[PDB]
$ cat start_4.tsv   # TSV, C-alpha atoms
chain	number	residue	atom	x	y	z
A	972	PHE	CA	33.88	-47.12	-42.04
A	973	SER	CA	33.90	-47.00	-38.24
A	974	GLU	CA	37.09	-44.96	-38.07
A	975	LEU	CA	35.81	-42.51	-40.71
A	976	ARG	CA	32.75	-41.87	-38.55
A	977	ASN	CA	34.53	-41.62	-35.25
A	978	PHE	CA	36.72	-38.97	-36.84
A	979	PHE	CA	33.67	-37.04	-37.97
A	980	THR	CA	31.99	-37.15	-34.60
A	981	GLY	CA	31.74	-34.13	-32.39
A	982	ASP	CA	28.94	-32.94	-30.23
A	983	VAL	CA	27.32	-29.58	-29.59
A	984	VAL	CA	24.76	-28.52	-27.01
A	985	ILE	CA	22.03	-26.07	-27.87
A	986	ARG	CA	19.13	-24.62	-25.91
A	987	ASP	CA	15.75	-25.93	-27.12
A	988	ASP	CA	14.00	-22.56	-26.99
A	989	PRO	CA	16.17	-19.51	-27.84
A	990	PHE	CA	16.87	-16.98	-25.15
A	991	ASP	CA	14.53	-14.03	-25.03
A	992	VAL	CA	16.80	-10.99	-25.17
A	993	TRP	CA	15.85	-7.43	-24.14
A	994	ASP	CA	17.30	-3.92	-24.61
A	995	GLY	CA	18.93	-1.97	-21.82
A	996	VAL	CA	16.92	0.04	-19.34
A	997	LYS	CA	17.07	3.72	-18.49
A	998	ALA	CA	17.90	3.58	-14.80
A	999	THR	CA	15.61	6.33	-13.55
A	1000	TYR	CA	15.68	7.14	-9.87
A	1001	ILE	CA	12.90	8.89	-7.99
A	1002	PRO	CA	12.66	10.38	-4.50
A	1003	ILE	CA	11.45	8.50	-1.47
A	1004	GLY	CA	11.10	9.21	2.22
A	1005	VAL	CA	10.05	12.28	4.17
A	1006	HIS	CA	12.37	15.15	5.19
A	1007	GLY	CA	12.15	17.08	8.43
A	1008	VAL	CA	13.57	20.42	9.54
A	1009	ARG	CA	17.29	20.49	10.29
A	1010	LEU	CA	18.53	23.63	12.08
A	1011	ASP	CA	21.90	25.22	11.37
A	1012	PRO	CA	24.59	23.70	13.65
A	1013	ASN	CA	26.53	26.86	14.57
A	1014	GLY	CA	23.63	29.12	15.44
A	1015	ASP	CA	23.56	32.88	15.02
A	1016	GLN	CA	26.57	34.34	13.30
A	1017	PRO	CA	28.76	37.03	14.84
A	1018	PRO	CA	28.13	40.54	13.69
A	1019	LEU	CA	29.50	42.99	11.23
B	778	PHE	CA	-6.31	4.58	11.80
B	779	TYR	CA	-6.73	0.77	11.59
B	780	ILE	CA	-6.59	-1.65	8.66
B	781	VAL	CA	-8.77	-4.70	8.92
B	782	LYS	CA	-10.17	-7.61	6.95
B	783	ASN	CA	-13.79	-6.82	7.63
B	784	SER	CA	-15.84	-4.86	10.12
B	785	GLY	CA	-19.03	-3.14	11.10
B	786	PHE	CA	-21.38	-2.71	14.01
B	787	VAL	CA	-25.01	-3.63	14.26
B	788	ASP	CA	-26.83	-3.45	17.57
B	789	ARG	CA	-30.36	-4.41	16.58
B	790	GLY	CA	-33.18	-4.17	19.07
B	791	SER	CA	-31.27	-1.62	21.08
B	792	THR	CA	-33.14	1.42	22.38
B	793	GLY	CA	-29.97	3.46	22.44
B	794	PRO	CA	-29.36	6.17	19.85
B	795	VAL	CA	-26.68	4.25	17.99
B	796	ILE	CA	-27.79	1.07	16.29
B	797	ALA	CA	-25.40	0.67	13.39
B	798	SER	CA	-22.09	1.94	12.13
B	799	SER	CA	-19.55	1.50	9.38
B	800	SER	CA	-16.93	1.13	12.10
B	801	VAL	CA	-16.54	-0.61	15.47
B	802	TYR	CA	-15.49	0.27	19.00
B	803	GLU	CA	-11.84	0.33	20.05
B	804	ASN	CA	-11.97	-2.55	22.54
B	805	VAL	CA	-13.05	-4.94	19.79
B	806	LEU	CA	-9.78	-4.57	17.92
B	807	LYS	CA	-6.80	-6.90	18.43
B	808	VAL	CA	-3.64	-5.24	17.17
B	809	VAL	CA	-1.30	-7.79	15.65
B	810	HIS	CA	0.89	-5.49	13.52
B	811	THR	CA	1.77	-1.82	14.00
B	812	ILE	CA	2.97	0.38	11.18
B	813	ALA	CA	4.93	3.20	12.80
B	814	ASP	CA	4.65	6.07	10.31
B	815	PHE	CA	3.83	6.98	6.71
B	816	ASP	CA	7.38	6.21	5.66
B	817	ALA	CA	7.31	2.65	6.99
B	818	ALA	CA	3.88	1.96	5.53
B	819	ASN	CA	5.17	3.18	2.21
B	820	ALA	CA	8.34	1.11	2.55
B	821	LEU	CA	6.41	-2.11	3.08
B	822	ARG	CA	4.25	-1.37	0.08
B	823	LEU	CA	7.41	-1.39	-2.02
B	824	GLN	CA	9.06	-4.64	-0.90
B	825	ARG	CA	7.83	-6.95	-3.67
C	875	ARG	CA	-2.40	11.46	10.99
C	876	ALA	CA	-5.84	11.19	9.42
C	877	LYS	CA	-9.11	13.06	9.04
C	878	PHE	CA	-12.38	11.29	9.56
C	879	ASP	CA	-15.44	12.33	7.55
C	880	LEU	CA	-18.45	11.82	9.83
C	881	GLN	CA	-21.88	10.98	8.48
C	882	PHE	CA	-25.20	10.37	10.14
C	883	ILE	CA	-27.98	8.15	8.87
C	884	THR	CA	-31.42	7.82	10.36
C	885	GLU	CA	-32.98	4.37	10.54
C	886	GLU	CA	-36.73	4.90	10.18
C	887	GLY	CA	-37.56	1.26	10.76
C	888	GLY	CA	-38.86	0.46	7.31
C	889	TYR	CA	-36.38	-2.07	6.01
C	890	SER	CA	-37.19	-1.57	2.31
C	891	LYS	CA	-34.34	0.34	0.63
C	892	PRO	CA	-30.90	-0.44	2.16
C	893	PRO	CA	-28.83	2.65	2.91
C	894	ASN	CA	-25.75	3.35	0.87
C	895	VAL	CA	-22.91	3.43	3.38
C	896	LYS	CA	-19.51	4.71	2.28
C	897	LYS	CA	-16.88	2.04	2.99
C	898	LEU	CA	-13.11	2.32	2.46
C	899	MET	CA	-11.22	-0.79	1.26
C	900	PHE	CA	-7.62	-1.94	1.69
C	901	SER	CA	-7.33	-1.66	-2.03
C	902	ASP	CA	-8.10	2.04	-1.71
C	903	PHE	CA	-5.34	2.52	0.88
C	904	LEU	CA	-2.79	1.01	-1.44
C	905	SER	CA	-4.05	3.18	-4.28
C	906	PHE	CA	-3.34	6.04	-1.85
C	907	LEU	CA	0.18	5.00	-0.94
C	908	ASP	CA	1.01	4.74	-4.63
C	909	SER	CA	-0.19	8.20	-5.54
C	910	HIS	CA	2.03	9.59	-2.82
C	911	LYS	CA	5.05	7.25	-2.84
C	912	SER	CA	7.35	10.19	-3.52
C	913	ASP	CA	5.82	12.91	-1.29
C	914	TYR	CA	8.38	14.55	0.98
C	915	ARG	CA	5.96	14.99	3.88
C	916	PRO	CA	3.11	12.63	4.90
C	917	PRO	CA	-0.21	13.05	3.05
C	918	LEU	CA	-3.64	13.09	4.79
C	919	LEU	CA	-5.99	10.13	4.53
C	920	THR	CA	-9.62	11.01	4.72
C	921	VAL	CA	-11.29	8.03	6.40
C	922	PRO	CA	-15.15	7.88	6.18

$ encode --input "start_4.tsv" --output "C-alpha cells"
Amino acid sequence: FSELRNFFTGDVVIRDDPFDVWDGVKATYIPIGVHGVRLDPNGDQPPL
Amino acid sequence: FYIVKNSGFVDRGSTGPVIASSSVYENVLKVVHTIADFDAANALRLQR
Amino acid sequence: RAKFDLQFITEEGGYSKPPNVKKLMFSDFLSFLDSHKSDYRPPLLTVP
C-alpha cells in the first residue's frame, strides 16, 4: 500500500484567504503649482 | 502668518488699553519650521 | 500673503457671559489648502 500512496502524493499551496481583486483605475491628472509671467525672449519684432 | 498649537494673550489687572487678544505678540513666537510659499505649503499637504 | 480681519471687544468687567471670540484652527487651514490645491496663483487667507 505504501508505494500506491507515495505515487498518489503531491502537494499544493493555497492562500488561506483569497486575494481581494479590484478593477483598473482611470488615471486622472489635475493641475498643481502656480505659474508666473514669462516674457517673450526675443523682444519687439522688426517692422513691416 | 503663523501656525501654532495653541495661543492667546491675557494681561489681567493691567491698566493698559489692551487686556486680552486672540493672538500674541511677535517676540513670544519661536519659529522652528518655515514654509516658504503657497506652493510649498500645498506640496507638504500632499505628501501622505 | 494674508488679510487679517480685525475685531474689537470691550471688557466691561462683569464676568458673567464669556465673549465669543473667533478662532481659526489648523484644521481650517488644511481645509483651505484642499479647496485651492489646483489654483494657478496663490489664494488669500483671511485670518481673524

$ closest_atom_pairs --input "start_4.tsv" --of "chain A" --to "chain C" --cutoff "8 Å" --atoms "all atoms listed in the file" --output "JSON lines"
{"residue": "A:1001", "atom": "CA", "partner": "C:912", "partner_atom": "CA", "distance": 7.2}
{"residue": "A:1002", "atom": "CA", "partner": "C:912", "partner_atom": "CA", "distance": 5.4}
{"residue": "A:1003", "atom": "CA", "partner": "C:912", "partner_atom": "CA", "distance": 4.9}
{"residue": "A:1004", "atom": "CA", "partner": "C:914", "partner_atom": "CA", "distance": 6.1}
{"residue": "A:1005", "atom": "CA", "partner": "C:914", "partner_atom": "CA", "distance": 4.3}
{"residue": "A:1006", "atom": "CA", "partner": "C:914", "partner_atom": "CA", "distance": 5.8}
{"residue": "A:1007", "atom": "CA", "partner": "C:915", "partner_atom": "CA", "distance": 8.0}

$ atom_distance --input "start_4.tsv" --atom1 "CA of residue 793 in chain B" --atom2 "CA of residue 884 in chain C"
12.9 Å

$ atom_distance --input "start_4.tsv" --atom1 "CA of residue 922 in chain C" --atom2 "CA of residue 784 in chain B"
13.4 Å

$ interface_residues --input "start_4.tsv" --of "chain B" --to "chain C" --cutoff "12 Å" --atoms "only C-alpha atoms" --output "ChimeraX atom specification"
/B:778-785,787,789-790,794-800,813-823

$ atom_distance --input "start_4.tsv" --atom1 "CA of residue 805 in chain B" --atom2 "CA of residue 788 in chain B"
14.0 Å
